[PDB]
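J.: Pasting a structure here, questions to come.
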């Protein structure tokens with residue numbers, strides 16, 4: 001919160017897709033790369049790179065959908081969350 005940062009986007013409207021990740025983690029980056037490969041419209045936020053108050057905001061948002069607060073956490077329509085680099089699950093949820 002915000003659900004904003006570095007919109008690597010790209011298009012094909014498949015709703016509101018926001019990925020929270022860490023810039024220093026392989027599967028987080030693999031998740032956004034997957035979203036990029038899918039060619040979908042989305043936002044991604046690298047929490048480790050955020051200033052402290054914002055970084056703390058983003059953490060609190062992630063925990064609303066993921067009490068583990070693990071990354072990656074992808075949030076759909078402000079409603080559903082996909083925890084982890086789960087390709088079929090992400091593909092299925094965006095129509096692939």
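Just so it is clear, none of the values below were taken in a lab; they were calculated from the coordinates. Counting neighbours? That spans all protein chains shown, and the Cβs are built from the backbone with ideal geometry, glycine included.
J.: Would you mind getting me the FRET efficiency between residue 1 and residue 25? Use the beta-carbon distance for r and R0 = 22 Å, nearest 0.05.
T.: Here the calculated transfer efficiency is 0.55.
J.: Then there's this: Using only Cα atoms, tell me the angle between helix 26-38 and the longest principal axis of the chain; keep it within 0 to 90° and round to the nearest 10.
T.: Once rounded, one gets 40 degrees.
J.: Can you tell me the 0 to 90 degree angle between the C-alpha axis of helix 52-65 and the longest principal axis of the chain, rounded to 10?
T.: 50
J.: How much length is gained if the chain between residue 80 and residue 16 is pulled fully straight, taking 0.36 nm per residue apart and subtracting their Cα-Cα distance, in nm to one decimal?
T.: Here the segment from residue 80 to residue 16 would lengthen by 22.0 nm.
J.: Estimate the FRET efficiency between residue 93 and residue 64 by the formula 1/(1 + (r/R0)^6), using the beta-carbon distance for r and 30 Å for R0, to the nearest 0.05.
T.: Plugging the Cβ-Cβ distance into 1/(1 + (r/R0)^6) gives 0.95.
J.: For the chain, set up a Gaussian network in which alpha carbons nearer than 10 Å are linked by springs, and say which option among 45, 69, 26 fluctuates the most.
T.: Highest fluctuation of the listed residues: 26.
J.: Another one. Helix-derived [θ] at 222 nm for the chain: sum -39500 (n - 2.57) over DSSP H runs of at least 4, divide by residue count, nearest 500?
T.: -11000 deg cm²/dmol
J.: If you average 1/r over every pair of different alpha-carbon atoms in region 5-96 and take one over that average, what Kirkwood value in Å do you get?
T.: The Cα-based Kirkwood calculation yields 12.9 Å.
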